[PDB]
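Chemist: so I pulled this structure from the PDB, and the sequence comes with it:
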Amino acid sequence: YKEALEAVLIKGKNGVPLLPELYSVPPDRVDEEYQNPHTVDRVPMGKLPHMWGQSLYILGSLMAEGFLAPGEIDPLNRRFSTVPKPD
Amino acid sequence: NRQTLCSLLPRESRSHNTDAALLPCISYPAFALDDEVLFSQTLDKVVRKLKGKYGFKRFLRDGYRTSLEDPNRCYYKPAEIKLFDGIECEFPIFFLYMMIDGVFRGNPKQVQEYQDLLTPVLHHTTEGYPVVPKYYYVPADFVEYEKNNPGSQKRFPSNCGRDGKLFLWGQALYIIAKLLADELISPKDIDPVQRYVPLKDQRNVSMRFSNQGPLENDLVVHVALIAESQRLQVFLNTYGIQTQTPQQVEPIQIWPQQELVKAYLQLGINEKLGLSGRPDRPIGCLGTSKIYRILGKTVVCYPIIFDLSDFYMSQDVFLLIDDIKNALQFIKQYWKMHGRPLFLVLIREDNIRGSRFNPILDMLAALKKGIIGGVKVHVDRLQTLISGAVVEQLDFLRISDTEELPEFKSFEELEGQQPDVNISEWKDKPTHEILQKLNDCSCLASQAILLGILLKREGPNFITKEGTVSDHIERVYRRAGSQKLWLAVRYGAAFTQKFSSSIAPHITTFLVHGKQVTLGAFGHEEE
Amino acid sequence: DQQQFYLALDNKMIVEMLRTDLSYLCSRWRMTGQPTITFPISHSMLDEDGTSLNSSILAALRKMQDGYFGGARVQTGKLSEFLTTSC
């Protein structure tokens, strides 16, 4: 999901990555994706950057390159909600 | 250091009930005494027994540069110190010391009186510059009259000026005292870091001045309850105690003290000077109460009282409860830093199993209630108990570019009869089937005795069924610590020459209070 | 609670609700200590004669002493004993 996201990030300003809000189907190519799904080339639209999505991209980048731990962003230990609880 | 100073005072030493050397200590430039009463008392003794018209006597029965002292000899015979009473040389420099004391503490009457005492004993050079004599000695032909009536005979100056001999320490103290008295320098000028803090005594780190001041000590200690294992956590949970395993405070590393000493070993490293850093000595309650930041990782070390390596007393849960109580009382008494002290309480399964379950939970319920041993504590999560506290940043581990130093091992979560064999029964037995008697017997203390005899008779590192004698004996001691049969837990520690670090400081604590200690059994040789 | 509705006036329903309510408790407790259900036996839970406990509740009470009722581990005791082992 990092390489997949890095190929959709739109470069802007002085080379900084911008997270597109959404990728939209070109009006002419709507019929093609009707028949063959998820293959037509989409154009970035909506908010640029998507300030919501951009933050988690940096947050994900921070915690994936060893600048932050899951516990520091989750000091209340919500990440352990999936561990089994004895009755 | 502060306990030693408070215990020794108002005496300078065992031999000296009082000493003029205390005047620099409790006054300028050190102001080392913070307890006003101890200070008030300590001075009164110094003034009463050492003050004179010519100066202060260094200490009672002082033979330094006296008439009845042989200058060639560098030592005094035990029968000679009786000859120095009443004839002790009086040092005028302590007039200047008490003048500075008066200037600092704000009573000008003391300054004026002590200048008036100093003026007769001040000598002058050919240019009018005052000269402070080092000491005033009674003449050799006035010693008897001085002894009959102290202070009734004239004293001659050691230094007078016009001779080429000037007491530079005295001259410098004269300059400082005159500048302070003439108000050409403020006490705050020659004391930029406040060693003298007036009775408004609050918020000085390490100087007994906590937030509450010098009279109130209602310290609240940060107490984080840590369980060794997830089963321990869930089992303490079902009895109403909330605990966190080392993994549940995950970014934060819980450390033994040992690792903190290992981290501090790099403090002050200087290969060019041949300096090796901190000495390896256990960090104690005050040190482990701090929150440390090492290589970007925040670390908290549980107190030494939870280490199961130094001695086997902590294997007794009752002694563990009173050790926690004393540790919290000690931190309350002696923690005087800005932040609130953090006390990691480590719950072990061995501290729980069996009837030991009850007292440990009594202590934990007292902690949850907020008060134990009269010490207010704040039992909460370690993440909250670490947020806004002043962190100790061990930058020396990174200035040497040792960012890749081996990751220090943080604490890891875990995922019946009287002795049928008498000592004299088999020790007197000369023949050696006692080795088979080891298999014959079933008691663990029997195993401890047998493999101690094997470590003495059959070399230090002989092999056995389990392994080497040394590590088998260590395993036996560890096992005895667990199932609470304490004959073996004593025998293993004795036969392995086991010694805890707190003992030498404990003997020092006994000794500085005036209690000589002898370590030897009744009827044998005592040291 | 009997003043709100009539579901508490059927003693066979008290056991049925209690059976699910312990089952809800054991699998969904996320607090320090152990849950403490104080179960007061009322005159309505007695028989029509008034001298005998209703069989459905009678079975329910002994069921709890044996340590299992409705899929939950029940440690029956006195409310004073559970002061230190409760939330």
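Modeler: Looks like it came in fine. Numbering: from 1, shown residues only, chains lettered A, B, ... in the order given.
Chemist: quickly find the element holding residue B:377.
Modeler: In this assignment (DSSP states H and E), residue B:377 forms part of strand B:375-379.
Chemist: can you list the residues of chain A near chain B?
Modeler: For chain A, the residues in contact with chain B (CB under 8 Å from any CB of the partner chain) are A:69-72, A:75-77, A:80, A:86. All C-beta atoms are positioned from the backbone trio N, CA, C, and that covers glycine.
Chemist: swap in 7 Å and give it another go.
Modeler: A:69, A:71-72, A:75, A:77, A:86 (CB under 7 Å from any CB of the partner chain).
Chemist: now the buried members of the residues you listed.
Modeler: The neighbour count (16 or more other CB atoms under 10 Å in any protein chain shown) marks A:71, A:75, A:77 as buried among the residues of chain A next to chain B.
Chemist: sec struct for the residue lying closest to residue B:219 once chain neighbours are set aside, please.
Modeler: Take residue B:219 and drop its neighbours on the chain: the residue closest to it by CB to CB, 6 or more residues apart in numbering or on different chains is residue B:332, 4.5 Å away. Judged by DSSP: H, G, I helix; E, B strand; the rest coil, the three-state class of residue B:332 is helix.
Chemist: which bits of chain A sit near chain C?
Modeler: So chain A meets chain C at residue A:87 (CB under 7 Å from any CB).
Chemist: count the residues that sit near residue B:181.
Modeler: Residues near residue B:181, counting by other CB atoms under 10 Å in any protein chain shown, number 19.
Chemist: mind checking how far it is from chain A?
Modeler: 58 Å (CB to the nearest CB, to the nearest Å).
Chemist: leaving out chain neighbours, which residue sits closest to that residue?
Modeler: residue B:111 (5.5 Å).
Chemist: chain center to the strand or helix carrying the one you found, what's the gap?
Modeler: Per DSSP H and E, residue B:111 falls inside helix B:108-121. On the basis of CA atoms, centre = their mean, to the nearest Å, helix B:108-121 sits 39 Å off its chain's mean C-alpha point.
Chemist: and that helix, what does it pack onto?
Modeler: helix B:93-105 (3 or more CB pairs under 7 Å, 6 or more residues apart in numbering or on different chains; DSSP states H and E).
Chemist: before we move on, the earlier item: residues in contact with the residue nearest to residue B:181?
Modeler: By CB atoms under 7 Å, 6 or more residues apart in numbering or on different chains, residue B:111 lies in contact with B:99, B:102-103, B:181.
Chemist: and the residue nearest to residue B:496 when sequence neighbours are not counted, how many neighbours does it have?
Modeler: Nearest residue to residue B:496 in three dimensions, chain neighbours excluded: residue B:473, at 5.8 Å (CB to CB, 6+ apart). Neighbourhood size, residue B:473 [other CB under 10 Å]: 25.
Chemist: repeat for residue B:404
Modeler: Residues near residue B:404, counting by other CB under 10 Å: 7.
Chemist: which residues does it contact?
Modeler: Applying CB under 7 Å, 6+ apart, no residues contact residue B:404.
Chemist: give me phi/psi at it?
Modeler: phi -100, psi 20 (degrees, to the nearest 10).
Chemist: look up how far chain C lies from it.
Modeler: For residue B:404 relative to chain C (CB to the nearest CB), the value is 41 Å.
Chemist: do residue B:147 as well
Modeler: Residue B:147 is 75 Å from chain C, by CB to the nearest CB.
Chemist: show me where chain A has its helices.
Modeler: Here chain A has its helices, by DSSP state H, at A:2-6, A:30-35, A:51-64, A:70-73.
Chemist: if we ignore the residues flanking it in sequence, what's nearest the closest residue to chain B within chain C?
Modeler: With CB to the nearest CB as the measure, residue C:33 is the residue of chain C nearest to chain B, at 3.8 Å. The shortest distance from residue C:33 to any non-neighbouring residue, by CB to CB, 6+ apart, is to residue B:240 (3.8 Å).
Chemist: next: residue A:42.
Modeler: In space, residue A:42 is closest to residue A:23, 3.8 Å off (CB to CB, 6+ apart).
Chemist: so residue B:524 is in which element?
Modeler: Per DSSP H and E, there is no helix or strand for residue B:524.
Chemist: count of neighbours near it?
Modeler: 6.
Chemist: got the contact list for it?
Modeler: So residue B:524 contacts nothing (CB under 7 Å, 6+ apart).
Chemist: chain A contacts on the stretch 101-250 of chain B?
Modeler: B:234, B:248, B:250.
Chemist: residue 28: how many residues sit nearby?
Modeler: Since you didn't name a chain, this refers to chain A. Per other CB under 10 Å, the neighbour tally for residue A:28 reads 8.
Chemist: wait, chain C
Modeler: Neighbour tally, residue C:28, other CB under 10 Å: 10.
Chemist: how much space is there between residue B:146 and residue B:246?
Modeler: According to CB to CB, to the nearest Å, residue B:146 and residue B:246 sit 72 Å apart.
Chemist: let me fix that: residue B:313
Modeler: With CB to CB as the criterion, residue B:313 and residue B:246 are 24 Å apart.
Chemist: compare those two (neighbour count), which wins?
Modeler: Taking neighbours as other CB under 10 Å, residue B:313 and residue B:246 compare with residue B:246 leading, 21 against 15.
Chemist: so that one sits against residue B:254, correct?
Modeler: Yes - counting by CB atoms under 7 Å, residue B:246 does reach residue B:254; the two are 5.0 Å apart.
Chemist: give me the common contacts of these two.
Modeler: Common neighbours of residue B:246 and residue B:254 (CB under 7 Å, 6+ apart) are B:226, B:410-411.
Chemist: top of those residues by neighbour count?
Modeler: Ranking those using other CB under 10 Å puts residue B:226 first, with 24 neighbours.
Chemist: what sits against that residue?
Modeler: Residue B:226 touches B:243-244, B:246, B:254, B:302, B:344-347, counting by CB under 7 Å, 6+ apart.
Chemist: sec struct for it, please.
Modeler: strand.
Chemist: quick one, what contacts residue B:170?
Modeler: So residue B:170 contacts B:92-93, B:132, B:134 (CB under 7 Å, 6+ apart).
Chemist: got JSON lines for those residues, with neighbour count and distance to chain C too?
Modeler: What follows is those, written out as JSON lines (neighbours: other CB atoms under 10 Å in any protein chain shown; distance: CB to the nearest CB, whole Å):
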{"residue": "B:92", "neighbour count": "30", "distance to chain C": "70"}
{"residue": "B:93", "neighbour count": "24", "distance to chain C": "66"}
{"residue": "B:132", "neighbour count": "28", "distance to chain C": "71"}
{"residue": "B:134", "neighbour count": "21", "distance to chain C": "72"}
